[PDB]
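Enquirer: Here you go, one structure.
None of the figures in this text is laboratory data; all of them are computed from the coordinates on show. Cβ atoms come from the backbone with ideal geometry, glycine included; neighbour counts cover every protein chain shown.
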């Protein structure tokens, strides 16, 4: 129509259509989920496969962003990698200037700021990936989720990608504050597997990560035995 | 100019690991402004380094190495920098900053053990570097490498290593005038990781008859 060809146009409805078009790119990717548990944060993504070959353990979507915090991207993983790179760089810069761990809140606001900032330039494609940020610091667990638009909010549970609706409905049933790590693992795996549309995709791979007192308040993949137990429980529940 | 500067940092590759010792003093010209400046740090999983020379510059090198090691760790692809790569990065940075006539004024002793291959090396304030079984910086390069060369052994025990390293460090304490009696020994080993000794001071001996009475007489001395 002419009002949907650049990011700095501004439609007669009041809307910026290019950011909605990036959101539509995020909505049609693999599901991502983050849960703020009683004593820590657990992240879990639905890394769907397309070929029998992709060596299990390939294009990771849950990236560390600093020793105390991690991040999970949905949508164009190519753009998620740059959001993650910028988050890394900003946490490092905060350390170097002020000399203490960048608080998760500030880091989330800065990543959201950058994602939005790339929405202002006429010569930049907007980011096509929204990310869940699950840091952990002296304020405890803090789960943030950043939309392509730039809007970031602190959550108790987040879910983006295809699984938005189903994931949010399943999380609402959950007693987030009472449940602890090693319990978030089962809940995340179960809901991911439930969300997965075998009629739409095939042979997905499940990732997870978590920051809590067990991990001495650092981000690191789940001990694989816990993942195997949780996947078994999820399969049993799905039966 | 160097303002707050430290002193010798000796180094001794011992069986099953590596040991490094360095006093806790930071001097300001002739004064000892500071006596509790931990001058040994652990870098990454496989490394450990001490520094001599300007203490501001050393604190900056720690920021460089911390960013390096954190960026290395966040990959989680299953490979990391051993002592060799870290020491090579240190040599490159020190030489590069010499090329700018804006040197880091430090002398670095970096060592560690990875995959069962134990490395120990040094870097100068102008990029001069070498890897050896036992290294030292400053006066530890005059008054300690003689005794280290004399007594180092291929399979030195941990206790023999500590006792040699204290022999060296005490010999310095006798005759450096820049050294404080406080000091630390740092142990790095495979599968144990870096372990830094709590600060302590070494007993010293002065009661020789020649010292008590220079010359000899009932009145004079």
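Enquirer: When you scan the stretch A:129-147, do you find a residue that is in contact with a strand residue (DSSP E or B) (Cβ under 9 Å, 6 or more places away or on another chain), within 14 Å of chain B (Cβ to nearest Cβ) and buried (at least 19 other Cβ atoms within 10 Å of the Cβ), even just one?
Expert: yes
Enquirer: Hey, does the stretch A:167-177 have a residue that's under 19 Å from residue A:26 (Cα atoms), away from every other protein chain (no Cβ under 14 Å) and surrounded by 15 or more Cβ atoms within 10 Å (Cβ to Cβ)?
Expert: Scanning the stretch A:167-177, I find at least one residue that is under 19 Å from residue A:26 (Cα atoms), away from every other protein chain (no Cβ under 14 Å) and surrounded by 15 or more Cβ atoms within 10 Å (Cβ to Cβ), so the answer is yes.
Enquirer: Then there's this: Restricting to the stretch A:28-53, give me the number of residues that are in contact with a helix residue (DSSP H, G or I) (Cβ under 9 Å, 6 or more places away or on another chain) and over 30 Å from residue A:178 (Cα atoms).
Expert: 1
Enquirer: Applying the selection to the stretch A:47-70, what residues are buried (at least 24 other Cβ atoms within 10 Å of the Cβ) and either closer than 30 Å to residue A:4 by Cβ or without any contact (Cβ under 8 Å) to a residue 40 or more places away in the chain (or both)?
Expert: A:61
Enquirer: Here's a check for you: in the stretch B:61-106, which residue that is within 14 Å of another protein chain (Cβ to nearest Cβ), over 17 Å from the mean Cα position of the chain (by Cα) and touching a residue at least 24 places away in the same chain (Cβ under 8 Å) is nearest to residue B:3 (Cα to Cα)?
Expert: The qualifying residue nearest to residue B:3 (Cα to Cα) is B:64.
Enquirer: Could you tell me whether residue A:151 is closer than 19 Å to residue A:29 by Cβ, surrounded by 23 or more Cβ atoms within 10 Å (Cβ to Cβ) and more than 13 Å from the chain's Cα centre (by Cα)?
Expert: It is false that residue A:151 is closer than 19 Å to residue A:29 by Cβ, surrounded by 23 or more Cβ atoms within 10 Å (Cβ to Cβ) and more than 13 Å from the chain's Cα centre (by Cα).
Enquirer: Against the definition (in a loop (DSSP other than H, G, I, E, B), more than 14 Å from chain B (Cβ to nearest Cβ) and surrounded by 16 or more Cβ atoms within 10 Å (Cβ to Cβ)), how does residue A:29 come out, yes or no?
Expert: So residue A:29 fits the description; yes.
Enquirer: Counting just the residues of the stretch A:198-213 that are surrounded by 14 or more Cβ atoms within 10 Å (Cβ to Cβ) and part of a loop (DSSP other than H, G, I, E, B), which one comes out farthest from the chain's Cα centre (by Cα)?
Expert: A:201
Enquirer: Follow-up. Of all strands (runs of 3 or more DSSP E) completely enclosed by the stretch B:26-127, which ones contain at least 3 residues that are surrounded by fewer than 20 Cβ atoms within 10 Å (Cβ to Cβ)?
Expert: B:31-34
Enquirer: Within the stretch A:63-99, can you find the residues that are part of a strand (DSSP E or B), under 21 Å from residue A:160 (Cβ atoms) and facing chain B (nearest Cβ under 10 Å)?
Expert: Listed by number, the residues that qualify are A:63, A:64, A:65, A:70.
Enquirer: Please give the number of the condition residue A:57 fails out of (1) away from chain B (no Cβ under 14 Å); (2) assigned to a loop (DSSP other than H, G, I, E, B).
Expert: It is condition (1) that residue A:57 fails.
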